[PDB]
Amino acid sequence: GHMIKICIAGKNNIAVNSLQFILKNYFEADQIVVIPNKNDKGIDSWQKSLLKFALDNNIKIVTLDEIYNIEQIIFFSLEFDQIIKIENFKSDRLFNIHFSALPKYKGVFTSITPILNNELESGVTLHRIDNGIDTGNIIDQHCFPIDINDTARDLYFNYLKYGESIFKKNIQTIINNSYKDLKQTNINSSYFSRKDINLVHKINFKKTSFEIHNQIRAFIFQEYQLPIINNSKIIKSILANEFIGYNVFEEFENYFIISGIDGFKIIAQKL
């Protein structure tokens, strides 16, 4: 019964493209509001800007305060930067797409944490927001491989793609309020906060090849940083099955050859 039906809060391609899907299939611009993230400067770059799309397309920019009293508003967080408190809202139609295969890897830096912890797969999960961090009941989840030479930046782009997708898969039943959900288990639940990750990663070479490789490629996301070996930035790590002896470490002009305690060949490419 209110004029505003939906708020998209967050950033990057996932937010912008999801918003474009709703504008095309579901709601007119004047039934939509957005809350861009604090660091959104309105500039299209290696990602699309939600603030810029909103301005371009005459969608009103609001704050949380302005939406708390809108009854029945659908609130959708797509890489939103604020932890909400659900008791502020009259609506209970509050959703998030989280970049991991919940209940694993709640929290932040989820293009880093699964790689660093030796996962072969990750996922995106659509869930209701409750007062905890990525703790709410799951509505849908899509799992996908972390390929053996995927970097954190590669995995991030997979989150964006599969996330956008899981949004489109589910938005109808969310708008109809006909969706199903299930509470998260206690077991397998894991969480990382910013203080658990040191973005200047010091590599522990007394590790297997797999682990050394994981350690490198988990911090490859050039827009933010690259890992450093012997004062050289690394742009790609390649892990092979080839046995080359234990604890190999050789610096060349364009790359390092590395093996860990199990002796499998890594090529770490310089930038």
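We number the residues from 1 along the sequence you see.
- For the pair 173 to 181 and 92 to 100, the mean B factor over Cα atoms is greater in 173 to 181.
- Per the PDB record, of the two stretches 73 to 81 and 150 to 158, 73 to 81 carries the greater mean B-factor over its C-alpha atoms.
- Looking at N241, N204, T208, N231, the one whose CA carries the top B-factor in the deposited record is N241.
- For the set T110, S165, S193, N137, the maximum C-alpha B-factor listed in the entry falls on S165.
- When the modelled residues of the chain are ordered by their C-alpha B factor, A29 lands in the highest third.
- In the deposited entry, the Cα temperature factor of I258 sits in the bottom third of values across the chain's modelled residues.
- Among the modelled residues of the chain, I129 sits in the lowest third by CA temperature factor in this PDB entry.
- When the modelled residues of the chain are ordered by their C-alpha B factor, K38 lands in the highest third.
- Annotation for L23: C-alpha temperature factor in the highest third relative to the rest of the modelled chain, per the entry.
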